[PDB]
Amino acid sequence: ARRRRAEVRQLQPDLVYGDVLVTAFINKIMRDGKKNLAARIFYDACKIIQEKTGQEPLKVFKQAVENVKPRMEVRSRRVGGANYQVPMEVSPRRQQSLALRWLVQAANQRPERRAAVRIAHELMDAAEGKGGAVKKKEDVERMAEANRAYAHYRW
Amino acid sequence: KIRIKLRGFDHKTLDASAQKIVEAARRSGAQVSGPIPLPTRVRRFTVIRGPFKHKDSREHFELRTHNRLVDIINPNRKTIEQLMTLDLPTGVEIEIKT
Amino acid sequence: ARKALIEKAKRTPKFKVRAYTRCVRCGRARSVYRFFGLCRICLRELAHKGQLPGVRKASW
Amino acid sequence: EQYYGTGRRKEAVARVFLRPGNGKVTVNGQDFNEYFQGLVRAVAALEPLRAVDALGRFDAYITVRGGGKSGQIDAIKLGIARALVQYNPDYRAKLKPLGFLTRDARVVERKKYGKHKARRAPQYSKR
Amino acid sequence: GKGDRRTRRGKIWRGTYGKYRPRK
Amino acid sequence: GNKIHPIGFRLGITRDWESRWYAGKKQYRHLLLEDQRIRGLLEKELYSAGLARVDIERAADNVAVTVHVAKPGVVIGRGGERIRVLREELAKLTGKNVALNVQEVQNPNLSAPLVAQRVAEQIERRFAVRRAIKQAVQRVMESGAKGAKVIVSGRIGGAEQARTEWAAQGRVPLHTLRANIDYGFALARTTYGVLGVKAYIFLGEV
Amino acid sequence: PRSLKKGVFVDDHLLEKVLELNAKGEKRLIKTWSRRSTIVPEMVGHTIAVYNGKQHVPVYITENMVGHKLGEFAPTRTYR
RNA sequence: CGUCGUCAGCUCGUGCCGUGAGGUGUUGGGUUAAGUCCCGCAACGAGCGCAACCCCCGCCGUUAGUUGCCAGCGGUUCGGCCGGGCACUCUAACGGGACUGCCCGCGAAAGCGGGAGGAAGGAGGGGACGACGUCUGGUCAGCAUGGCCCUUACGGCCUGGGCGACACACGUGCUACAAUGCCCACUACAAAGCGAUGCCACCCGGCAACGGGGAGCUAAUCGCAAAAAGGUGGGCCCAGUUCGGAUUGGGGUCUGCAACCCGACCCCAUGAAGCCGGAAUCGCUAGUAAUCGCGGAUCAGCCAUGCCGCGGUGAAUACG
Ligand SMILES: [K+]
Ligand SMILES: [K+]
Ligand SMILES: [K+]
Ligand SMILES: [Mg+2]
Ligand SMILES: [Mg+2]
Ligand SMILES: [Mg+2]
Ligand SMILES: [Mg+2]
Ligand SMILES: [Mg+2]
Ligand SMILES: [Mg+2]
Ligand SMILES: [Mg+2]
Ligand SMILES: [Mg+2]
Ligand SMILES: [Mg+2]
Ligand SMILES: [Mg+2]
Ligand SMILES: [Mg+2]
Ligand SMILES: [Mg+2]
Ligand SMILES: [Mg+2]
Ligand SMILES: [Mg+2]
Ligand SMILES: [Mg+2]
Ligand SMILES: [Mg+2]
Ligand SMILES: [Mg+2]
Ligand SMILES: [Mg+2]
Ligand SMILES: [Mg+2]
Ligand SMILES: [Mg+2]
Ligand SMILES: [Mg+2]
Ligand SMILES: [Mg+2]
Ligand SMILES: [Mg+2]
Ligand SMILES: [Mg+2]
Ligand SMILES: [Mg+2]
Ligand SMILES: [Mg+2]
Ligand SMILES: [Mg+2]
Ligand SMILES: [Mg+2]
Ligand SMILES: [Mg+2]
Ligand SMILES: [Mg+2]
Ligand SMILES: [Mg+2]
Ligand SMILES: [Mg+2]
Ligand SMILES: [Zn+2]
């Protein structure tokens with residue numbers, strides 16, 4: 001991207017919750033372009049959340065995402081021989097990209113045999129404030145500021 | 001019921017043999033079923049441009065065999081004449097399975 | 001093409017197996033296209049001259 | 001009496017015949033749900049109708065050939081959208097903004113030479 | 001997988017037929 | 001090494017084939033091997049007539065043919081004594097029994113194949129290359145033509161180091177697929193080795 | 001997983017030279033260029049020198065080896 | 001032919017400047033994918049390049065119906081099967097169509113940012129096409145060619161070996177390590193191609209490879225033909241395991257004069273390593289990557305997991 005500024009491409013709203021944020025999560029889940037299988041997995045998850053929870057899955061989904069979004073992160077920058085971990089804000093766009101990516105990654109780290117259970121349970125532990133996803137988010141933010149000494153290298 | 005098969009390599013050489021057979025028969029036979037297209041059969045030849053190595057160059061060549069149908073119903077004797085010795089194309093081949 | 005191994009025209013292979021295409025123009029024995037009897041090199045040479053009827057440059 | 005569009009996508013031809021009725025949809029002599037058996041996407045195919053409050057005021061006989069089911073689903077998406085305008089040309093005033101009238105032009109890019117898959121280039125070493 | 005001679009997908013990949021993939 | 005043969009590149013438009021005979025996957029290779037045998041002889045002798053082109057049409061054992069030369073007479077002969085021997089040389093080659101028309105090249109200086117042959121000969125007689133080229137481009141440019149160019153290979157003048165002499169005038173847009181440019185290539189044996197000669201003439205656009 | 005079909009192959013060079021040589025009985029040595037040929041019953045006891053491309057190796061044929069080609073006893077290459 | 005590369009750029013004619021090499025033009029502001037265009041200039045123009053003219057894909061219309069329809073109707077062996085019709089879909093020739101034209105905003109202009117119509121905008125998407133030249137680059141084993149050398153052998157014919165060797169090292173790939181998976185069923189939806197000494201429907205025998213026998217096709221009529229991934233159902237439960245199929249033993253089918261060295265293919269056994277890969281490092285900006293299968297050339301057969309194409313499903317991300 002040396003010329004333009006590659007504009008964010010819009011996604012087709014969910015075929016159920018009619019949410020773009022959902023298609024997104026589905027895309028991350030998807031592997032080898034098997035968007036059907038991807039779709040099913042996510043849905044059985046919204047279902048499993050309906051089960052163990054008397055709350056609309058869509059609301060749980062959101063909440064979860066929100067808790068995994070990193071509002072700060074460290075970025076490497078070479079200055080004077082060595083490389084310094086410079087902490088800096090995180091654009092909204094990237095927070096979303098990061099939150100969803102981590103949810104799926106954290107979810108697939110889980111122990112439950114069935115894919116749907118994993119996303120479901122990860123999504124829950126997420127909106128709760130726990131789970132491997134939220135840790136990554138926290139281990140990152142802890143990383144930032146832990147290097148606030150270099151915050152003047154704004155970047 | 002005259003089955004007419006026209007094949008070739010030029011799509012003008014054939015359309016110039018489906019015209020010397022479309023009007024020179026609408027004055028002695030049925031209203032005739034216009035020249036019918038018929039999908040082509042392409043044959044690709046992919047060759048490595050250079051004499052030695054360089055297997056990543058390659059150029060593409062092909063032999064496109066166009067087709068035509070016509071099919072004039074009602075031989076009528078008089079039709080089988082306006083179309084006896086009144087053609088022109090040299091890069092064409094004709095067939096008749098009436 | 002070693003004008004002596006161009007005994008392919010022999011037709012008396014003892015066993016039809018030993019029969020091998022071989023170029024009609026170069027003697028080139030390794031890329032002889034059945035349809036043209038030519039090798040990939042000459043097949044490209046003549047096609048450029050328009051001496052191979054119908055054969056054009058494909059593109060899509 | 002009857003209205004019809006077409007719609008095509010990624011090489012999938014769709015013949016759409018809309019006739020007033022309940023809401024039944026026949027795809028190749030099969031229930032909509034029969035043809036698109038368990039394809040989360042399918043739902044989409046009829047989005048144009050819902051885009052103008054039809055569906056429950058129409059019925060549709062659909063033909064299809066060429067491609068894959070999701071591609072066919074997109075074609076159907078256009079047919080229904082076209083006929084739905086032939087019925088009433090004032091419907092464009094709504095389907096346009098949703099781009100339901102547009103024929104997605106995206107197609108399988110050609111496979112180039114010296115390249116595994118059109119763009120994917122071969123991997124090399126010790127350079 | 002595609003490498004299992006005596007299996008369904010195995011025969012397909014190897015472009016053959018047999019007990020594990022008859023011609024209907 | 002770049003640039004496709006400007007003819008093979010323009011077969012689609014501005015430039016027809018040199019054999020308009022159809023065939024099927026069983027005979028094509030034969031009727032082809034035949035044409036070559038034909039051009040093989042035609043050129044092996046009619047050299048002196050200066051043969052620019054040689055078309056070959058067919059319909060079924062009635063092998064049309066033709067031969068566009070600059071000096072018809074050389075073909076014909078006393079009344080037609082040569083055009084006789086040869087005409088029989090064709091059916092003796094291939095018991096096809098075929099015609100053998102003769103078109104005259106209005107101007108042998110607007111036919112790249114000749115212009116090439118031209119310079120190619122001079123080279124063997126030891127004419128100064130650069131001159132020939134300069135001149136040749138003129139002959140072509142004087143007698144019409146919106147552009148022209150000539151290229152000789154290397155060992156120019158018997159030199160050990162192979163070079164490449166240029167020379168060209170007017171337009172010669174090879175990238176423009178419509179130029180209608182005649183291209184002619186002439187070899188050129190020599191005591192010390194081969195020299196290649198290419199000729200380009202741009203005449204009319206659309 | 002061996003194979004050949006119905007019609008065991010054996011070059012007739014040595015064949016009509018062996019089954020015929022069985023008339024008087026046996027003999028010392030033979031010399032063939034038919035690795036191709038299968039070893040058949042009527043050879044047991046013979047000593048067929050096989051060519052390997054450079055040499056004519058002396059192969060003593062036995063019951064247990066009836067079925068194997070002659071080439072299998074005349075190794076082509078030379079390693080360490 | 002490859003390469004620097006589709007990177008822009010390389011030049012000329014006359015004039016002007018300089019004793020001269022050589023400058024100016026081609027520099028400079030704006031703009032473009034571009035020496036693209038604009039404005040300005042001792043320069044005015046031009047040539048090879050850029051672009052355009054050619055091909056493919058996207059929308060619509062003519063002309064044309066032994067492929068399409070029952071859309072329309074009437075016969076039904078309820079099979080577009082028959083009548084019948086070109087509407088539709090296709091097939092394939094020819095045209096239309098997009099021009100920053102239209103609207104608002106900025107600008108000296110070119111043009112930039114949006115907005116409306118439109119299938120499609122501002123190079124629609126992909127090809128073909130690669131300047132003056134460089135590498136003293138590749139190739140005398142494709143051919144052609146100067147010189148040199150051998151001309152009972154550096155020529156020629158065979159049979160058999162070899163190019164397939166194996167302590168070892170690297171490149172490119174294939175199949176995997178599994179549950180977003182592997183099986184077995186059962187069901188769908190492709191596109192481009194190939195088919196006389198051939199594709200091979202269908203029938204019989206064989207677990208099968210394949211063998212008998214034979215319908216139709218010189219193929220939009222018949223055949224390769226099943227597409228696979230998917231979808232429904234069922235099994236496996238997390239294990240070197242219903243993951244993975246390497247090795248090796250045995251029995252066979254084929255092609256071929258002939259499968260030891262040295263062929264694929266089938267069936268029963270065997271069931272290796274591998275649990276996701278150190279330092280390093282590769283591809284790709286969207287129908288692209290990833291993934292799924294299908295056809296071709298060569299060719300008897302084949303060591304195709306190569307190669308050249310085809311279509312299905314279909315992302316992530318680009319601050320800068
Ligand atoms: K274009
Ligand atoms: K050189
Ligand atoms: K796989
Ligand atoms: Mg030679
Ligand atoms: Mg052979
Ligand atoms: Mg051949
Ligand atoms: Mg779906
Ligand atoms: Mg693909
Ligand atoms: Mg297995
Ligand atoms: Mg460019
Ligand atoms: Mg000057
Ligand atoms: Mg002066
Ligand atoms: Mg200068
Ligand atoms: Mg100058
Ligand atoms: Mg300059
Ligand atoms: Mg200059
Ligand atoms: Mg300057
Ligand atoms: Mg610029
Ligand atoms: Mg320019
Ligand atoms: Mg200027
Ligand atoms: Mg139309
Ligand atoms: Mg160009
Ligand atoms: Mg080198
Ligand atoms: Mg060198
Ligand atoms: Mg080798
Ligand atoms: Mg590897
Ligand atoms: Mg059976
Ligand atoms: Mg292990
Ligand atoms: Mg196992
Ligand atoms: Mg073998
Ligand atoms: Mg495991
Ligand atoms: Mg293939
Ligand atoms: Mg083959
Ligand atoms: Mg092998
Ligand atoms: Mg293969
Ligand atoms: Zn050749």
# chains A, B, ... in the order shown; residues from 1 in each chain; ligands from 1
$ closest_atom_pairs --of "chain H" --to "ligand 26" --cutoff "9 Å" --atoms "only C-alpha atoms (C1' of nucleotides) and all ligand atoms" --output "tab-separated table"
residue	atom	partner	partner_atom_place_in_ligand_line	distance
H:171	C1'	ligand 26	1 (Mg)	8.0
H:172	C1'	ligand 26	1 (Mg)	6.9
H:173	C1'	ligand 26	1 (Mg)	6.4
$ residues_near_ligand --ligand "ligand 36" --cutoff "10 Å" --atoms "only C-alpha atoms (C1' of nucleotides) and all ligand atoms" --output "list in words"
residues 1, 22, 23, 24, 25, 26, 27, 28, 29, 31, 32, 37, 38, 39, 40, 41, 42, 43, 44, 45 and 46 of chain C; 142 and 143 of chain H
$ write_last_selection --atoms "N, CA and C atoms (P, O5', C5', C4', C3', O3' and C1' of nucleotides)" --output "PDB file, in the first residue's frame"
ATOM      1  N   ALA C   1      18.711 -34.958 -34.640  1.00  0.00           N
ATOM      2  CA  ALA C   1      18.928 -35.106 -36.106  1.00  0.00           C
ATOM      3  C   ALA C   1      20.380 -35.459 -36.418  1.00  0.00           C
ATOM      4  N   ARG C  22       9.548 -38.449 -34.116  1.00  0.00           N
ATOM      5  CA  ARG C  22      10.665 -37.664 -34.676  1.00  0.00           C
ATOM      6  C   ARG C  22      10.209 -36.561 -35.659  1.00  0.00           C
ATOM      7  N   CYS C  23      10.790 -35.366 -35.548  1.00  0.00           N
ATOM      8  CA  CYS C  23      10.390 -34.240 -36.397  1.00  0.00           C
ATOM      9  C   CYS C  23      10.629 -34.492 -37.868  1.00  0.00           C
ATOM     10  N   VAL C  24       9.716 -33.974 -38.681  1.00  0.00           N
ATOM     11  CA  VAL C  24       9.791 -34.127 -40.122  1.00  0.00           C
ATOM     12  C   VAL C  24      10.658 -33.013 -40.727  1.00  0.00           C
ATOM     13  N   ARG C  25      10.740 -31.890 -40.013  1.00  0.00           N
ATOM     14  CA  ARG C  25      11.493 -30.708 -40.443  1.00  0.00           C
ATOM     15  C   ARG C  25      12.884 -30.521 -39.824  1.00  0.00           C
ATOM     16  N   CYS C  26      13.015 -30.771 -38.515  1.00  0.00           N
ATOM     17  CA  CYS C  26      14.294 -30.624 -37.795  1.00  0.00           C
ATOM     18  C   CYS C  26      14.957 -31.952 -37.482  1.00  0.00           C
ATOM     19  N   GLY C  27      14.148 -32.989 -37.342  1.00  0.00           N
ATOM     20  CA  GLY C  27      14.698 -34.284 -37.003  1.00  0.00           C
ATOM     21  C   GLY C  27      14.602 -34.338 -35.496  1.00  0.00           C
ATOM     22  N   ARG C  28      14.180 -33.211 -34.924  1.00  0.00           N
ATOM     23  CA  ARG C  28      14.016 -33.088 -33.486  1.00  0.00           C
ATOM     24  C   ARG C  28      13.123 -34.226 -33.033  1.00  0.00           C
ATOM     25  N   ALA C  29      13.623 -35.033 -32.109  1.00  0.00           N
ATOM     26  CA  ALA C  29      12.881 -36.186 -31.614  1.00  0.00           C
ATOM     27  C   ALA C  29      12.205 -36.015 -30.252  1.00  0.00           C
ATOM     28  N   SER C  31       9.744 -33.504 -28.946  1.00  0.00           N
ATOM     29  CA  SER C  31       8.630 -32.608 -28.631  1.00  0.00           C
ATOM     30  C   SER C  31       7.762 -32.546 -29.865  1.00  0.00           C
ATOM     31  N   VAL C  32       7.804 -33.661 -30.577  1.00  0.00           N
ATOM     32  CA  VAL C  32       7.078 -33.864 -31.806  1.00  0.00           C
ATOM     33  C   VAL C  32       5.576 -33.976 -31.603  1.00  0.00           C
ATOM     34  N   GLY C  37       3.486 -33.272 -36.867  1.00  0.00           N
ATOM     35  CA  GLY C  37       4.644 -34.036 -37.302  1.00  0.00           C
ATOM     36  C   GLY C  37       5.909 -33.229 -37.082  1.00  0.00           C
ATOM     37  N   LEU C  38       5.713 -32.014 -36.580  1.00  0.00           N
ATOM     38  CA  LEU C  38       6.793 -31.079 -36.300  1.00  0.00           C
ATOM     39  C   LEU C  38       7.194 -31.122 -34.833  1.00  0.00           C
ATOM     40  N   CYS C  39       8.303 -30.464 -34.509  1.00  0.00           N
ATOM     41  CA  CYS C  39       8.772 -30.401 -33.131  1.00  0.00           C
ATOM     42  C   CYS C  39       8.251 -29.068 -32.596  1.00  0.00           C
ATOM     43  N   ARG C  40       8.281 -28.886 -31.280  1.00  0.00           N
ATOM     44  CA  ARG C  40       7.767 -27.647 -30.689  1.00  0.00           C
ATOM     45  C   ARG C  40       8.451 -26.396 -31.228  1.00  0.00           C
ATOM     46  N   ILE C  41       9.716 -26.523 -31.618  1.00  0.00           N
ATOM     47  CA  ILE C  41      10.454 -25.382 -32.144  1.00  0.00           C
ATOM     48  C   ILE C  41       9.930 -24.946 -33.516  1.00  0.00           C
ATOM     49  N   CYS C  42       9.985 -25.858 -34.487  1.00  0.00           N
ATOM     50  CA  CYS C  42       9.508 -25.557 -35.837  1.00  0.00           C
ATOM     51  C   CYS C  42       8.009 -25.297 -35.827  1.00  0.00           C
ATOM     52  N   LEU C  43       7.287 -25.996 -34.961  1.00  0.00           N
ATOM     53  CA  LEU C  43       5.856 -25.757 -34.886  1.00  0.00           C
ATOM     54  C   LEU C  43       5.658 -24.270 -34.585  1.00  0.00           C
ATOM     55  N   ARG C  44       6.594 -23.686 -33.844  1.00  0.00           N
ATOM     56  CA  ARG C  44       6.496 -22.275 -33.494  1.00  0.00           C
ATOM     57  C   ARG C  44       7.029 -21.409 -34.625  1.00  0.00           C
ATOM     58  N   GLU C  45       8.048 -21.896 -35.323  1.00  0.00           N
ATOM     59  CA  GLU C  45       8.639 -21.136 -36.422  1.00  0.00           C
ATOM     60  C   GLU C  45       7.651 -20.880 -37.565  1.00  0.00           C
ATOM     61  N   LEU C  46       7.098 -21.963 -38.112  1.00  0.00           N
ATOM     62  CA  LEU C  46       6.151 -21.884 -39.218  1.00  0.00           C
ATOM     63  C   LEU C  46       4.868 -21.156 -38.843  1.00  0.00           C
TER      64      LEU C  46
ATOM     65  P     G H 142      20.374 -27.975 -29.276  1.00  0.00           P
ATOM     66  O5'   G H 142      19.956 -28.993 -30.429  1.00  0.00           O
ATOM     67  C5'   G H 142      18.889 -29.961 -30.246  1.00  0.00           C
ATOM     68  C4'   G H 142      17.941 -29.963 -31.437  1.00  0.00           C
ATOM     69  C3'   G H 142      18.546 -29.683 -32.802  1.00  0.00           C
ATOM     70  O3'   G H 142      19.165 -30.822 -33.385  1.00  0.00           O
ATOM     71  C1'   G H 142      16.539 -28.447 -32.546  1.00  0.00           C
ATOM     72  P     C H 143      20.213 -30.614 -34.583  1.00  0.00           P
ATOM     73  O5'   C H 143      19.264 -30.341 -35.829  1.00  0.00           O
ATOM     74  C5'   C H 143      19.762 -29.621 -36.942  1.00  0.00           C
ATOM     75  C4'   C H 143      18.713 -28.704 -37.523  1.00  0.00           C
ATOM     76  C3'   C H 143      19.401 -27.616 -38.314  1.00  0.00           C
ATOM     77  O3'   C H 143      19.758 -28.106 -39.572  1.00  0.00           O
ATOM     78  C1'   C H 143      17.901 -26.611 -36.817  1.00  0.00           C
TER      79        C H 143
END
$ residues_near_ligand --ligand "ligand 34" --cutoff "10 Å" --atoms "only C-alpha atoms (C1' of nucleotides) and all ligand atoms" --output "JSON, numbers by chain"
{"H": [164, 262, 263, 264, 302, 303]}
$ select_by_dssp --residues "range 62-136 of chain A" --states "strand (DSSP E or B)" --output "list in words"
residues 72, 73, 74, 75, 76, 77, 78, 83, 84, 85, 86, 87, 88 and 89 of chain A
$ residues_around --residues "residue 13 in chain E" --least-positions-apart "5" --cutoff "12 Å" --atoms "only C-alpha atoms (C1' of nucleotides)" --output "list in words"
residues 1, 2, 3, 4, 5, 6, 7, 8 and 21 of chain E; 174, 175, 228, 292, 293, 294 and 305 of chain H
$ residues_near_ligand --ligand "ligand 2" --cutoff "10 Å" --atoms "only C-alpha atoms (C1' of nucleotides) and all ligand atoms" --output "ChimeraX atom specification"
/F:161-162 /H:135-138
$ write_last_selection --atoms "N, CA, C and O atoms (P, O5', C5', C4', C3', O3' and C1' of nucleotides)" --output "PDB file, in the first residue's frame"
ATOM      1  N   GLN F 161      34.438  -9.895 -34.081  1.00  0.00           N
ATOM      2  CA  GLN F 161      33.388  -9.486 -33.159  1.00  0.00           C
ATOM      3  C   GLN F 161      32.090  -9.189 -33.906  1.00  0.00           C
ATOM      4  O   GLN F 161      32.001  -8.193 -34.638  1.00  0.00           O
ATOM      5  N   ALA F 162      31.096 -10.062 -33.711  1.00  0.00           N
ATOM      6  CA  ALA F 162      29.776  -9.921 -34.328  1.00  0.00           C
ATOM      7  C   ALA F 162      29.118  -8.630 -33.843  1.00  0.00           C
ATOM      8  O   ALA F 162      29.118  -8.341 -32.651  1.00  0.00           O
TER       9      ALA F 162
ATOM     10  P     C H 135      27.492  -5.860 -21.843  1.00  0.00           P
ATOM     11  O5'   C H 135      26.997  -7.024 -20.874  1.00  0.00           O
ATOM     12  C5'   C H 135      27.328  -7.020 -19.481  1.00  0.00           C
ATOM     13  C4'   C H 135      26.603  -8.134 -18.771  1.00  0.00           C
ATOM     14  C3'   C H 135      26.920  -9.540 -19.248  1.00  0.00           C
ATOM     15  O3'   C H 135      28.035 -10.086 -18.553  1.00  0.00           O
ATOM     16  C1'   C H 135      24.569  -9.254 -19.072  1.00  0.00           C
ATOM     17  P     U H 136      29.501 -10.085 -19.218  1.00  0.00           P
ATOM     18  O5'   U H 136      29.321  -9.812 -20.780  1.00  0.00           O
ATOM     19  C5'   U H 136      28.300 -10.477 -21.549  1.00  0.00           C
ATOM     20  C4'   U H 136      28.884 -11.130 -22.784  1.00  0.00           C
ATOM     21  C3'   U H 136      29.957 -12.197 -22.582  1.00  0.00           C
ATOM     22  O3'   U H 136      29.697 -13.249 -23.527  1.00  0.00           O
ATOM     23  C1'   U H 136      30.767 -10.482 -24.006  1.00  0.00           C
ATOM     24  P     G H 137      28.452 -14.259 -23.300  1.00  0.00           P
ATOM     25  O5'   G H 137      27.489 -13.494 -22.289  1.00  0.00           O
ATOM     26  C5'   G H 137      27.647 -13.663 -20.875  1.00  0.00           C
ATOM     27  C4'   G H 137      26.551 -14.538 -20.330  1.00  0.00           C
ATOM     28  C3'   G H 137      26.048 -15.630 -21.256  1.00  0.00           C
ATOM     29  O3'   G H 137      26.997 -16.685 -21.556  1.00  0.00           O
ATOM     30  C1'   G H 137      24.206 -14.418 -20.444  1.00  0.00           C
ATOM     31  P     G H 138      27.039 -18.070 -20.740  1.00  0.00           P
ATOM     32  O5'   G H 138      25.861 -18.984 -21.297  1.00  0.00           O
ATOM     33  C5'   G H 138      24.554 -18.458 -21.474  1.00  0.00           C
ATOM     34  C4'   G H 138      23.537 -19.549 -21.599  1.00  0.00           C
ATOM     35  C3'   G H 138      23.785 -20.473 -22.773  1.00  0.00           C
ATOM     36  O3'   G H 138      24.462 -21.631 -22.323  1.00  0.00           O
ATOM     37  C1'   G H 138      21.710 -19.406 -23.044  1.00  0.00           C
TER      38        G H 138
END
$ residues_near_ligand --ligand "ligand 1" --cutoff "8 Å" --atoms "only C-alpha atoms (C1' of nucleotides) and all ligand atoms" --output "PyMOL selection string"
chain H and resi 123-125
$ residues_near_ligand --ligand "ligand 20" --cutoff "8 Å" --atoms "only C-alpha atoms (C1' of nucleotides) and all ligand atoms" --output "PyMOL selection string"
chain H and resi 25-26+41+43
$ interface_residues --of "chain B" --to "chain C" --cutoff "7 Å" --atoms "only C-alpha atoms" --output "MDAnalysis selection string"
chainID B and resid 9 47 51 60:64
$ interface_residues --of "chain B" --to "chain D" --cutoff "8 Å" --atoms "only C-alpha atoms" --output "list in words"
residues 55, 56, 57 and 58 of chain B
$ atom_distance --atom1 "CA of residue 82 in chain F" --atom2 "CA of residue 35 in chain F"
20.6 Å
$ interface_residues --of "chain F" --to "chain H" --cutoff "10 Å" --atoms "only C-alpha atoms (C1' of nucleotides)" --output "PyMOL selection string"
chain F and resi 1-4+9-13+158+161+168-179+187-195+205-206
